[PDB]
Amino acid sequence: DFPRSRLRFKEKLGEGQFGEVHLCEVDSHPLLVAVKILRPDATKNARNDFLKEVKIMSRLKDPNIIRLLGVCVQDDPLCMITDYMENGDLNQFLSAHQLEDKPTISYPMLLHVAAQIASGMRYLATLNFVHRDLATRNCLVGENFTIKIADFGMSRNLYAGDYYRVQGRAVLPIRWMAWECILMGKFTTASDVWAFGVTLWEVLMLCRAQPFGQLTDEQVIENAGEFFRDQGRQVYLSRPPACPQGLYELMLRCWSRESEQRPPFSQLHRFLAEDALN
């Protein structure tokens, strides 16, 4: 439940939220899994966190969401078992690739990467599961360009500049957050839509520039205030080179001031799986 002695620890994949991730083998030999083990200096608070993350992840059962295939909690040290995504982090995976002239990635593949995120996000919406932190950095690539949405938290020093940090406040992925999250702390499905819009811009940017990169933290926060004000002073992410106008129009709708005028993930999937092909 699941037998801990069946796990064979092979490499360190990265750090992790409450300890390290290991690539493991299961003889059931190279049936590969990822194993997150609770750090050995891990405080009572991190253990609680780890156990909650276990419960949250047990809910998530979709091809395009990370799967908890197993757990080793019933004895110390605490362990979490997921699929292994061989290409790792989607932001770092895309960062290497260049758009196909006329590692490469083509435009229809960028659509397929996006549609897999639209599908997994559609799944979460049916659970009324609010992600709160959709971005390429929380996505994993397992090939054949198979995308799993995950959540690595907000503490890793690689993506430090992606979060806005105030002493004693919640850590805020502001460049991905809908105006109403920024001003009110209101995370919904509709704000997940907004972040998908930004994630979709990231994919189409091949993860080569930060959303509102040339703007400061403050400026992103006051841009949210420009959305509330509704005076036509709100500034949007520009069209990525790899992005047509038809598709960019869909990114824009994602950032509609009115949450209910943002497209449901069902429509974002229909667009990226069907309409973006024509």
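Basically, rigid core = biggest C-alpha set you can superpose within 1.5 Å across the two forms. Position 1 is the first residue in the sequence shown; the rest follow in order.
- Once the rigid core is used to overlay the structures in 9 other deposited structures of this protein, the stretch among 236-244 and 30-38 whose CA atoms lie farther from this form is 30-38.
- Rigid core fits of the other structures in 9 other deposited structures of this protein place the C-alpha atoms of one stretch farther away on average; of 42-50 and 216-224, that stretch is 42-50.
- Missing coordinates between residue 28 and residue 29 amount to 10 or more residues of the deposited sequence.
- Counting the unmodelled positions of the deposited sequence between residue 102 and residue 103 gives a long gap of 10 or more residues.
- When the mean C-alpha temperature factors of 204-212 and 82-90 are read from the deposited coordinates, 82-90 comes out higher.
- The mean Cα B-factor in the deposited entry runs higher for 227-235 than for the other of 227-235 and 43-51.
- Of the candidates 73, 118, 172, 110, the PDB record gives 73 the highest C-alpha temperature factor.
- Note on the listed residues 151, 192, 143, 162: the highest Cα temperature factor in the record is that of 143.
- Compared with the other modelled residues of the chain, the Cα B-factor recorded for residue 95 ranks in the middle third.
- Sorting the modelled residues of the chain by their CA temperature factor places residue 33 in the middle third.
- When all modelled residues of the chain are sorted by CA temperature factor, residue 138 is found within the lowest third.
- When the modelled residues of the chain are ordered by C-alpha B-factor, residue 158 sits in the middle third.
- Per-chain ranking of the deposited C-alpha B factor places residue 270 in the lowest third.
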